[PDB]
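S.K.:
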Amino acid sequence: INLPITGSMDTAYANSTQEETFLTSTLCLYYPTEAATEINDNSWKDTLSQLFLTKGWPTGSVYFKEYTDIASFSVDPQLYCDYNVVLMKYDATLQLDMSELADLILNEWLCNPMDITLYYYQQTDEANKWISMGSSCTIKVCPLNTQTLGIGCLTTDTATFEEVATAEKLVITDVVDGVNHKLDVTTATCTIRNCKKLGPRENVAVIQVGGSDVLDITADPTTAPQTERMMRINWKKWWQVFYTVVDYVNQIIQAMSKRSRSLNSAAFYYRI
Amino acid sequence: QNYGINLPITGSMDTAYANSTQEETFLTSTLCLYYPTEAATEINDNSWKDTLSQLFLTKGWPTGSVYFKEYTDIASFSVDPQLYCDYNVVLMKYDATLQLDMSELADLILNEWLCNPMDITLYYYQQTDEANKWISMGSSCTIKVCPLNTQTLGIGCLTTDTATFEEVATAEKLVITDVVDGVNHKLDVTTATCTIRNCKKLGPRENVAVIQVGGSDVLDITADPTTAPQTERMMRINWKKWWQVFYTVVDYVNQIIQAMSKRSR
Amino acid sequence: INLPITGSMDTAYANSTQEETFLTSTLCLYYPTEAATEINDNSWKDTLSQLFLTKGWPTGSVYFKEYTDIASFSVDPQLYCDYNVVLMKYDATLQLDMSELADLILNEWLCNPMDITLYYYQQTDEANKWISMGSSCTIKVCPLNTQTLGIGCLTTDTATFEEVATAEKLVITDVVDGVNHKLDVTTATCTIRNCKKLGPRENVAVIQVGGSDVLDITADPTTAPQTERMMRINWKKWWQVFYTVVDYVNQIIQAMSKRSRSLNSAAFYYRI
Amino acid sequence: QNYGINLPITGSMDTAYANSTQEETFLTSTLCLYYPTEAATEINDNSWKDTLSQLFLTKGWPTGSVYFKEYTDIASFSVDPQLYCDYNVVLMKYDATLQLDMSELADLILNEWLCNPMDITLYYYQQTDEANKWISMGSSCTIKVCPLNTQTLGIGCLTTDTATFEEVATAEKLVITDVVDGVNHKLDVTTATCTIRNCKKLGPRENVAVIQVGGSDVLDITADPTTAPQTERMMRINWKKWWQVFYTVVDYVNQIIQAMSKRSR
Amino acid sequence: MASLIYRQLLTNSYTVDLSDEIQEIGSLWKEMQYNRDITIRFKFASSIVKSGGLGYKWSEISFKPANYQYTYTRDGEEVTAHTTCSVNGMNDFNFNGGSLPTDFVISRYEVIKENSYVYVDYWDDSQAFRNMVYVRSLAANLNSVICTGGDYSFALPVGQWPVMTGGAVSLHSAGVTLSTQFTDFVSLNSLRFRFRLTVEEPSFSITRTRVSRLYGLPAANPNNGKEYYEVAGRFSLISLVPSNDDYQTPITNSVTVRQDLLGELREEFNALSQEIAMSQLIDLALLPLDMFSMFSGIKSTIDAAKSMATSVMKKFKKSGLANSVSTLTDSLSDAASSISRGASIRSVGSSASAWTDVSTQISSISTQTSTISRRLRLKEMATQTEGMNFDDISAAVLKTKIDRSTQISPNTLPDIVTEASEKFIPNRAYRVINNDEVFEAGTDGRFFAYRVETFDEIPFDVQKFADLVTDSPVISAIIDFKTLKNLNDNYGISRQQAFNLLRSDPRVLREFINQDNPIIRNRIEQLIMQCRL
Ligand SMILES: *[C@@H]1O[C@H](CO)[C@@H](O)[C@H](O)[C@H]1NC(C)=O
Ligand SMILES: *[C@@H]1O[C@H](CO)[C@@H](O)[C@H](O)[C@H]1NC(C)=O
Ligand SMILES: *[C@@H]1O[C@H](CO)[C@@H](O)[C@H](O)[C@H]1NC(C)=O
Ligand SMILES: *[C@@H]1O[C@H](CO)[C@@H](O)[C@H](O)[C@H]1NC(C)=O
Ligand SMILES: [Ca+2]
Ligand SMILES: [Ca+2]
Ligand SMILES: [Ca+2]
Ligand SMILES: [Ca+2]
Ligand SMILES: [Ca+2]
Ligand SMILES: [Ca+2]
Ligand SMILES: [Ca+2]
Ligand SMILES: [Ca+2]
Ligand SMILES: [Ca+2]
Ligand SMILES: [Ca+2]
Ligand SMILES: [Ca+2]
Ligand SMILES: [Ca+2]
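From first to last, the protein sequence lines are chains p, n, m, l and 3. The opening position of the first sequence corresponds to residue 55 in the deposited numbering, with each subsequent residue numbered one higher. The opening position of the second sequence corresponds to residue 51 in the deposited numbering, with each subsequent residue numbered one higher. The opening position of the third sequence corresponds to residue 55 in the deposited numbering, with each subsequent residue numbered one higher. The opening position of the fourth sequence corresponds to residue 51 in the deposited numbering, with each subsequent residue numbered one higher. Residues 1 to 27, 261 to 494, 498 to 598, 606 to 776, numbered by the deposited numbering, are exactly what the fifth sequence covers, in order.
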């Protein structure tokens, strides 16, 4: 809608959209198996339901989603809810994994597929990256010089390539933007897609349950931002975490806003 | 460049016709055919894809813009149909024992659904309006439903004895269930094998085009029995081979794309 | 005549031309042998004529012409009358055969013959098709490029061509319009002609005696038209069918209209 | 571009004579000769067709516009003559035993007939005007007629004893029957071998040109025994060979095409 | 100017004949960067054919093509390569000791000299030799080789042996072209270089004979036992890979093109018609866009860049335009010559003039005017006009469309230029001025007589309009009387502006088009939309 919008400053503030956005929206928590394990119960979901029922979120609005592992979740996340919350455990050995997950679900991507054998791909701008998903993505890449020959590599020998990943489930590969790269990837087990980053996804809310903030959404090491839907909690149990979430859900839904672009269930749009 | 906003558009009736978009939208778009395995079996060739692409080349669709995506059967294609292209054509064989399956498939792909998840074990749901339904996908869905009165008691069914529930599906790879809009139902599903989603039908996806290759037009998209409509992108052919079908699709692809309009969502 | 016509809206409606077009025209039914067999009579034709004589159609104006089957009729239909009615049964196997029969008789074609061994032909517009008749036409096609070489086929090995028709008595082939094709055909049994479709033949009238309306006259899968002189009946006998025809023949002839192009005894014009 | 109507035409006498259409119709039209097997026999040359085409090339007709179509005999040609070209020439031999046969052939091809079918078994037909005739074709026809009186009884014939009928044809491949116009006739015909059609004679077919290669002009196109006309496209030739005849045709083809005019229908 | 380009095509048509002679006696996009290195190892062959008798005489010692298949290292990968060497243009000498059966005779033997040329087709399994399907430029810089002949003894069963020795020539690389190697099921695209021969010091000789101090290289033993001769260098090659939205660079070039066949090119032209502007178009319609300037901005393929102008000319001299021109010239000549038996068809004018000979009439004055106006299209490209010369606007549209249109190809531009020249502005009007009285005319059967200062119609004086249009210069109807009068009424106009619009002057035209005059913008847009194809 290229058309403009006009307004004023004398108009009166309307009633609160809260207490109706709850009825007309849904909420979905994503929780790790560790939580249900430490809980050791089978009615905690109905308990949180009846608690939300006091906080104003009606009965058939809340949903829960167990995800066994951060990487297992990173493998093709399917988010279709008018409000999403994700409880992310801290693990220093998974810093880049749960930064890539953040960069993937917090923001909106427009993705084209990739045929490594029939084509040689590149980047255009500083927002055109290669996201690879799957069970074991071992990627290697050769940059080609001005005369379509390899730089520190050979177009025929895959050993000479530069290994950027090693048996990962999700990789966000950024390379020099303006050169042609040949690739070699485990195309049987992983699909790699050339995606452009767009305006953010205001529908999700990541909540790091452990240590100090580490998530670098921005792939350039100059911004290092911290957004409003990127939260942090200190934990020794999980019931306290869920009670916190319940008691302060209104603040989280103030930090979030329903998307504008379109309807979809994935972490990224497909446009071929 | 307002997003997610709607505003009045304005114009006039003296404007000169701007352009002629065919042969440019072709270059800047992608087309995707969805054919059955029967067709490749009858063809018995390893180069027919390249052949059809070279043919489309005459119609203007360049080489790396046309795609083919086989599907074993209507059921296998209805299980999570991931149509992601700028133009989609689907060929669909006729079988009187599959009318409802290949009408559900049409209702699913032709129309744009907004689908929230469903948790049966905890919550008891109801349909609000006439465009609210429950679409269940998976290997084999088996749905059973017990309507409930105002005091959360069953009507012709026992909330504890699942056997008393009323069966609406039996090992189907896709169900689209419409029940009495205004009463709460308790559901039973093979959740370990199939997923059910509470969906609302928005306007129609103008990106796809179904082509019934055989029998008469039977697709009752709208659940209500009064309309039984037939849209522009609901086509019909009579066949005795498949090469003729593909040649016809090619020779009349421009009409198909004039019948289809790129997405709004 | 390229000259223009003129008229007015104050002129009055003249008397009925029905009850004189019967006296100065002829009618010709085309029924299947199944009808005669089910009936098991000899003077049913005289019966129908003496019935017609009440509706106005005189004695020596009605004609009944038998055809053993749909394909036998499809092979060179010699319609030469001032009004033609055809009764055609329903058969899911012969669906396309009796759609091609419709496309052939309902419409007027201008046909040029073809010399396959010596030449290679193409199509120009959306109405230039290739119609082949005979005992069994088994056609195979191989498209070519600008330099007379095959596309997905080999010009020598006939077994690599694309078989569009396998043992069909009447075939109406539409191929991609713009490219040159090479054809392999059973010239000893079938003759194939490049025919352009002119305006409709308003002299004939098809009656589907059985199931739902399936005839797709126009080969493009967007129109799927239902023309005026394309009727449908449900049957358990044939006497009821013929009585319905006789009782509602004036409507059939009101939906038909004598030709304008020319006098010709064939179902298509021949102009070399 | 109105069709099926007759509108008044206008003109003048001040317009100038336009350039000639010959050497343009010669390219945008087609020619078709019909010769007897006797000619090819006497000749015994497998290249005479290409020779005559190369000779026509000088007179203007291109190579792929001329056609030669053989025929074994006048009667075997009279049996279902399917003439479809833009200029047709027919060569015809003189044989006193075939006078009426090769006059019927002329009266058939030179003229344009509006032909409806006939049901001998059921109906008893009659001729309304002097131009409604009954033309019968096949391998061998045997027609027998019986007129009727006011009360549907025979006149010198019995409606049951076919033998009493009057015999107008005896083992003929083509027959053109004109009977008393205004009385109902019954017919007996061997319909297994022959088909009879009730035809009405219209304006001449200006597309065909008959050439009697032999004796005096006997062809009486018109059935009334008062006119006995000789038309423009009704030619005669004297012969002792066939190469000379074909050279004559090739050298005087422009005169033939001037004596002929393309069809109106 | 923009019609001068058509005049130049017609003028330079004479090159099509010699081009066809040569051909007979012979027979979005992107860019990828070769200038890769190569080493060519090859060798010659020989074909010796002896006569019978006692064995002292030979009837042929000739050259023969020679294949070779080897492997070498480049950028750290072992690449398998394949060469094919042959020769052309050699001097066939002969030795003859007598007619007796026992006298040494070589009836014919070949020697390559400076007037010969050798060709070495090359191929390997790298990526360039599958990507070189659409080339933009090709040129190679290779070192030279010195190839010398070795000892060869003739097997005489009796007596002493003749010893062939010496001989040497230097191959330097001069010329690179494409070729093909034909396999059993597929074909391979290859790169054939041409080396020129330069004779060297060692003089070939035939011992025990009167042949010595004879330079060149014969076919007896050209390799001198060497397994091969080896040149080394770099080959520079540019590609026309049909890429897309700026990523996914192909490899193997991954495309087919319109060779599988205009139906859609016409639609492209009808989409590009109205986007064209008017002020800049009039600025471009005054430029003499001769062959270079018309065919420079086309990023052609290596064959189209060689035959583009000739390619369009060989079809441009087949069209209604060229045939009508030749017909007019023949009519004029036959009229100037045939007077004694003079062609008396018609003459609407003072005396017989081929410009005023109505014919093929399949109002009388309307017909005469249209028929006379169908030859002012020939006046346009016969330089007897004064104004914007409508074919010029047509050619400007053509040059403005064929620089944008993606669908342009070697087989394709020919007969597009001609369909343009034939179907651009089919109906078009012209005028002639005489003593301040303008007589117009148009091929659509319309005529208008009118005075310059005060536009008011007048009876159209035929037999005077013809006498004037025959000899006097003509003008075009870009500003035709209808729009001219609408303008003089609404947008009140001055004497000089009106005179310049009658003369169809681009200065005043572009001045109105910049003053935003809809009564001229509409007319120019009509002309564009008629220039549709
Ligand atoms: C807005 O809020 C005020 C204060 O609570 C309330 O009085 C008013 O009714 C609200 N507006 C509407 C439209 O209900
Ligand atoms: C038309 O019908 C009217 C009413 O029956 C009758 O009076 C009239 O004569 C008819 N027209 C002719 C031409 O007979
Ligand atoms: C007819 O002849 C005249 C006189 O030579 C000539 O001017 C005219 O162009 C000719 N007609 C055609 C169609 O060429
Ligand atoms: C049509 O053309 C105008 C200008 O010629 C351009 O601004 C517009 O974007 C074009 N329309 C489309 C759909 O590209
Ligand atoms: Ca990772
Ligand atoms: Ca980057
Ligand atoms: Ca390396
Ligand atoms: Ca189903
Ligand atoms: Ca029950
Ligand atoms: Ca419902
Ligand atoms: Ca058929
Ligand atoms: Ca094949
Ligand atoms: Ca077609
Ligand atoms: Ca006879
Ligand atoms: Ca008798
Ligand atoms: Ca008579």
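All residues carry an ideal CB built from backbone N, CA and C; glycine is no exception.
Mapping the DSSP letters down to three states, classify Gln-262 (chain l) as helix, strand or coil.
M.R.: Sequence index remark: in the fourth sequence, residue 262 (chain l) carries index 212 (1-based). DSSP places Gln-262 (chain l) in strand when its eight states are reduced to three.
S.K.: Do the region 470-478 of chain 3 and the region 357-376 of chain 3 make contact, defined as three or more Cβ pairs closer than 8 Å?
M.R.: Segments in contact, yes.
S.K.: Which residue marks the beginning of the beta strand (DSSP E) containing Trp-291 (chain 3), and which one marks its end?
M.R.: For the purposes of this step, residue 291 (chain 3) is identified with residue 58 of the fifth sequence, where counting begins at 1. Per DSSP, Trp-291 (chain 3) belongs to the beta strand (DSSP E) from 290-297.
S.K.: So what does DSSP say about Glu-460 (chain 3), is it helix, strand or coil?
M.R.: Along the fifth sequence, one-based indexing puts residue 460 (chain 3) at 227. Looking at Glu-460 (chain 3) - three-state DSSP - the assignment turns out to be coil, as it is neither helix nor strand.
S.K.: Below 8 Å on the Cβ atoms is my guess for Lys-250 (chain m) versus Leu-198 (chain m); work out the distance and round it to an integer in Å.
M.R.: Counted from its first residue, the third sequence places residue 250 (chain m) at position 196. Counted from its first residue, the third sequence places residue 198 (chain m) at position 144. In fact, because the Cβ distance is near 22 Å, the residues do not count as touching under 8 Å.
S.K.: Does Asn-248 (chain p) get closer than 8 Å to chain 3 when you measure Cβ to Cβ?
M.R.: Translated into the one-based positions of the first sequence, residue 248 (chain p) becomes position 194. Yes, its Cβ sits closer than 8 Å to a Cβ of chain 3.
S.K.: With a cut-off of 8 Å, do at least 3 Cβ pairs link the region 120-139 of chain n to the region 241-260 of chain n?
M.R.: Yes, since at least three Cβ pairs between the region 120-139 of chain n and the region 241-260 of chain n fall closer than 8 Å, the two stretches touch.
S.K.: Excluding five sequence neighbours on each side, which residues of the same chain lie with their C-beta closer than 8 Å to the C-beta of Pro-298 (chain 3)?
M.R.: Counting from 1 along the fifth sequence, the entry for residue 298 (chain 3) is found at position 65. Same-chain partners within the cutoff: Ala-278, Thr-317, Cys-318, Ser-319.
S.K.: Does the Cβ-Cβ distance between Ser-509 (chain 3) and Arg-775 (chain 3) come in under 8 Å?
M.R.: Looking up residue 509 (chain 3) in the fifth sequence gives position 273. Looking up residue 775 (chain 3) in the fifth sequence gives position 532. Yes, these two residues count as a Cβ contact at 8 Å.
S.K.: According to DSSP, is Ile-722 (chain 3) part of a helix, a strand, or is it coil?
M.R.: Taking the first residue of the fifth sequence as 1, we reach residue 722 (chain 3) at position 479. DSSP places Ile-722 (chain 3) in coil when its eight states are reduced to three.
S.K.: Using a Cβ cut-off of 7 Å, pull out every chain p residue sitting near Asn-199 (chain n), in sequence order please.
M.R.: One-based indexing of the second sequence puts residue 199 (chain n) at position 149. Here the premise fails: no neighbours, minimum Cβ distance about 17 Å.
S.K.: Among all the DSSP beta bridges, which residues are the ones paired with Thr-227 (chain p)?
M.R.: For the purposes of this step, residue 227 (chain p) is identified with residue 173 of the first sequence, where counting begins at 1. Bridge partners of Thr-227 (chain p): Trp-184 (chain p).
S.K.: The alpha helix (DSSP H) that contains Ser-319 (chain 3), what's its start and end?
M.R.: Start at 1 with the first residue of the fifth sequence, and residue 319 (chain 3) comes out as number 86. Counting along the chain, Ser-319 (chain 3) falls outside any alpha helix (DSSP H), though it belongs to the beta strand (DSSP E) covering 310-321.
S.K.: Cβ of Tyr-53 (chain n) less than 8 Å from any chain m Cβ?
M.R.: If you number the second sequence from 1, residue 53 (chain n) lands on position 3. So no, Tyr-53 (chain n) is outside the interface.
S.K.: Can you find the residues in the same chain that come closer than 6 Å, C-beta to C-beta, to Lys-99 (chain p), ignoring five residues on each side of it along the sequence?
M.R.: Against the first sequence, residue 99 (chain p) aligns to sequence position 45. Hits under 6 Å: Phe-118.
S.K.: Under the criterion of a Cβ to heavy atom distance below 7 Å, does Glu-154 (chain p) qualify as lining ligand 9?
M.R.: In the first sequence, counting from the first residue as 1, residue 154 (chain p) sits at position 100. Incorrect: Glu-154 (chain p) has no Cβ contact closer than 7 Å to ligand 9.
S.K.: Considering only residues of the region 357-395 of chain 3, which uninterrupted beta strand (DSSP E) runs meet the minimum length of 3 residues and lie entirely inside it, listed in chain order?
M.R.: Entirely contained in the region 357-395 of chain 3, the beta strand (DSSP E) runs reaching 3 residues are, in chain order, 368-375, 378-381.
S.K.: Does the Cβ of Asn-69 (chain p) lie closer than 7 Å to at least one heavy atom of ligand 1?
M.R.: Residue numbering aside, residue 69 (chain p) sits at position 15 when the first sequence is read from its first letter. Under cutoff, so the answer is yes.
S.K.: Rounding to the nearest angstrom, what Cα-Cα distance links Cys-244 (chain n) and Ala-242 (chain p) in this structure?
M.R.: Here residue 244 (chain n) refers to the residue found at position 194 when the second sequence is read from its first residue. Here residue 242 (chain p) refers to the residue found at position 188 when the first sequence is read from its first residue. Each residue's Cα considered, the two are about 26 Å apart.
S.K.: Determine the extent of the alpha helix (DSSP H) in which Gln-23 (chain 3) is found, giving its start and end residues.
M.R.: Along the fifth sequence, one-based indexing puts residue 23 (chain 3) at 23. Taken as a continuous stretch (DSSP letters only), the alpha helix (DSSP H) holding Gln-23 (chain 3) covers 14-26.
S.K.: Roughly how many angstroms separate the alpha carbons of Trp-111 (chain m) and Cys-207 (chain m), rounded to a whole number?
M.R.: Within the third sequence, residue 111 (chain m) is the residue found at index 57, counting from 1. Within the third sequence, residue 207 (chain m) is the residue found at index 153, counting from 1. When rounded, the distance between both Cα atoms is 58 Å.
S.K.: Under 7 Å from any heavy atom of ligand 3, does the C-beta of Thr-60 (chain m) make it?
M.R.: Numbered from 1 along the third sequence, position 6 holds the residue referred to as residue 60 (chain m). No, the Cβ of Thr-60 (chain m) stays beyond 7 Å of every heavy atom of ligand 3.
S.K.: Pull out every residue of the region 181-212 of chain m whose Cβ sits closer than 9 Å to any Cβ of chain 3, in chain order.
M.R.: If the cut-off is 9 Å between Cβ atoms, the region 181-212 of chain m has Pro-197, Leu-198, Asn-199, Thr-200, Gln-201, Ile-205 near chain 3.
S.K.: Any chance you could list the alpha helix (DSSP H) runs of at least 4 consecutive residues sitting entirely within the region 524-586 of chain 3, in chain order?
M.R.: Qualifying alpha helix (DSSP H) stretches, in chain order: 527-530, 545-552, 556-573.
S.K.: Would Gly-54 (chain l) pass as a contact of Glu-162 (chain l) if the rule is Cβ separation under 8 Å?
M.R.: By 1-based counting over the fourth sequence, the position of residue 54 (chain l) is 4. By 1-based counting over the fourth sequence, the position of residue 162 (chain l) is 112. Going by C-beta atoms, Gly-54 (chain l) is not nearer than 8 Å to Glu-162 (chain l).
S.K.: For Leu-155 (chain p), which residues in chain 3 fall below 9 Å Cβ to Cβ?
M.R.: Reading the first sequence from its first residue, position 101 is the one you call residue 155 (chain p). Under the 9 Å cutoff, chain 3 gives no residues; its nearest Cβ is about 25 Å from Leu-155 (chain p).
S.K.: Helix, strand or coil: how does DSSP classify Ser-616 (chain 3) here?
M.R.: Residue mapping note: residue 616 (chain 3) aligns to position 373 of the fifth sequence, counting from 1. It is helical.
S.K.: Taking Cβ positions only, does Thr-178 (chain p) come closer than 8 Å to chain 3?
M.R.: On the first sequence, position 124 is the one that residue 178 (chain p) refers to. Closer than 8 Å to some Cβ of chain 3, the Cβ of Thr-178 (chain p) qualifies, so yes.
S.K.: If you draw a straight line from the C-alpha of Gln-305 (chain l) to the C-alpha of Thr-101 (chain l), how long is it?
M.R.: As a first step, residue 305 (chain l) must be located in the fourth sequence, where it is residue number 255. As a first step, residue 101 (chain l) must be located in the fourth sequence, where it is residue number 51. Each residue's alpha carbon lies about 21 Å from the other.
S.K.: Contact defined as beta carbons within less than 8 Å: I believe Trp-291 (chain 3) pairs with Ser-280 (chain 3). What is the distance between those atoms, to the nearest angstrom?
M.R.: Residue 291 (chain 3) sits at position 58 when you count from the first residue of the fifth sequence. Residue 280 (chain 3) sits at position 47 when you count from the first residue of the fifth sequence. So it is not a contact: roughly 11 Å between Cβ atoms.
S.K.: Pairing CB atoms from the region 308-323 of chain m with CB atoms from the region 540-560 of chain 3, are three or more of them under 8 Å?
M.R.: Because the criterion of three Cβ pairs below 8 Å is not met, the region 308-323 of chain m and the region 540-560 of chain 3 do not touch.
S.K.: Please name the residue or residues paired with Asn-318 (chain p) in a DSSP beta bridge.
M.R.: Translated into positions along the first sequence, residue 318 (chain p) becomes position 264. Answer is none; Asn-318 (chain p) lacks a bridge partner.
S.K.: Between the Cα of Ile-326 (chain p) and the Cα atoms of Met-168 (chain p), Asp-123 (chain p), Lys-194 (chain p), which residue gives the shortest distance?
M.R.: Counting from 1 along the first sequence, the entry for residue 326 (chain p) is found at position 272. It is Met-168 (chain p) whose Cα lies nearest to the Cα of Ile-326 (chain p).
S.K.: By alpha-carbon positions, which one of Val-218 (chain n), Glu-222 (chain n), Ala-90 (chain n) ends up nearest to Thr-147 (chain n)?
M.R.: In the second sequence, residue 147 (chain n) corresponds to position 97, counting from 1. When only C-alpha atoms are compared, the closest one is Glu-222 (chain n).
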